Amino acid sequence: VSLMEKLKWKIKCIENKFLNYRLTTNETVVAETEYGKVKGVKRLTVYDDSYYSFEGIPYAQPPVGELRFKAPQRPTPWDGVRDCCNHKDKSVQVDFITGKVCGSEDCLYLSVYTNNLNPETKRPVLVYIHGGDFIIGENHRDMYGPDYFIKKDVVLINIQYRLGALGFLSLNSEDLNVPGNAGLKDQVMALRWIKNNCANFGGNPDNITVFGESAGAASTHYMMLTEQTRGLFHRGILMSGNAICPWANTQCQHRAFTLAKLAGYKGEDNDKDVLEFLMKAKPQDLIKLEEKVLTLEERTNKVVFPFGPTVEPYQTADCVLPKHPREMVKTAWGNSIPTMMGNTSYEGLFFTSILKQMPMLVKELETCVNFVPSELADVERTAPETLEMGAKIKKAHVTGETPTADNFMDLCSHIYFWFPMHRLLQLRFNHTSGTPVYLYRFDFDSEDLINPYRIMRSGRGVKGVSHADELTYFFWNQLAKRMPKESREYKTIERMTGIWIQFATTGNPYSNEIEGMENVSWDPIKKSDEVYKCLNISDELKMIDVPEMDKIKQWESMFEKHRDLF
């Protein structure tokens, strides 16, 4: 991120602070929770809608001291009224713009928003789990403002969960009670809080929808797979990701020692001594060093992040992932709830600035062997069969004589998003009883309204609908502005929030009340479908054959002689 962009961001931060003051009213309100009373405040939006805001509701004990690296524990109840009129800190992380460590270990909070605390009818509850690769993100309204959803009669809840090594350390030794996935266990505890408390805010505990984007989509999927959450919610929406994406989990049990060593540990590699050192470390030090943890071998093998969701090495009471997610799909309770899945029309445009920093990456398209699924490839990636599989990937994405950066980004859309979605759909049809799954494709391009992710990819002036570009149409953020009612952007806000709310309400995303949806016949995907249909969201709403299907089929063809692994 350039120094000019950093200055513009700082300016936006300050301006956003004073806008948020002007949007605060003097009306506060008290609501009940199982742990004690909370005070919220009525806020305005720039469109002059209003909503009651409760931020900083604890769903777990602060995971500090001996609770670091442990599963979340239930919070301590209080007498009196807890002030929830301001946000709490985010989980310790490297700030995506400034490059500096920020946040706090005291981060296990959720925020609840509704336009009416005493409505005449119990309301759909929508629960957003943010993305950020399990290493960044927050529920702060400078990125996740509820301003668009609260136009309608729903309850919206935005959770936090532990990130990085603090959320995802895993150790093999059963005696230490650090099996992994603390951050997913935070999500479980938040979902339990929501089921038990949403009625106090006007919500319907029999009608909860969980949704998330990127790592938040993998998280939502993990919440639909684990027995820990069986029956806690009733619809799921996976936006640009799922739990069988290659980036969504890793076996990180040996990496705690490496982190400890980077942080000054002088002892031997045994879990007990490694843990005692890590329990004494400053959390900023651990998070700052995480970028150095992956070894030369792991980088060679394209491991993306050192710490993340993992298959837990032994069983505990709070265990979230007892087997690989592909195996968990086969018995998952969430296969039996209405599900919606989708991606943007140019996911891989996310990698724009990486390709600018490392132009030589395009040389990987010469043979494409490094993109062959690891379960199909020989270790050296020199076997004739592996070369043949790489050639099939190359045919799918290299459209001209010389591979280009755009070819690379198109490949990225498939390896990270479309192909795992296809593999999940096909796996799941073998373990569900007709519960519907609906596909969307977000294909609306604008630079008149943006979100901070565009700054990350150095995406100013870049055309195309990148990963995370849809979040602009769901959440207010500090870069947003009021848009005219007749503008294409305003209409897209209404359509996206409208479709999500309609799906959350009924489990069917179609409604004749959404502008431009009147002539839409949106069927879910059937086991017998050879070509997926999706609702393509552009300036118009249209059912189409998924344009990516041909390339999806070319990826699938690598498994023709290895169908047991598909």
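Position 1 is the first residue in the sequence shown; the rest follow in order.
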Looking at the entry, does 482-490 or 107-115 show the higher mean C-alpha B-factor? 482-490
Selected stretch [higher average CA B-factor]: 544-552 or 10-18: 10-18
Determine which member of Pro72, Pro322, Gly459, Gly164 has the highest CA B-factor, using the values in the deposited entry. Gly459
Quiz for you: based on the deposited Cα B-factor, which of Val372, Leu439, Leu425, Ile129 is highest? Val372
Based on the entry's values, in what third of the chain does the Cα temperature factor of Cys534 lie: lowest, middle or highest? middle
Can you work out whether the C-alpha temperature factor of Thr505 puts it in the lowest, middle or highest third of the chain? middle
Split the chain's modelled residues into thirds by Cα B-factor; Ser53 lands in the lowest
Can you tell me which third, lowest, middle or highest, the CA B-factor of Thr98 falls into for its chain? highest
Would you mind checking where the Cα B-factor of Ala405 ranks among the modelled residues of its chain, as the lowest, middle or highest third? highest
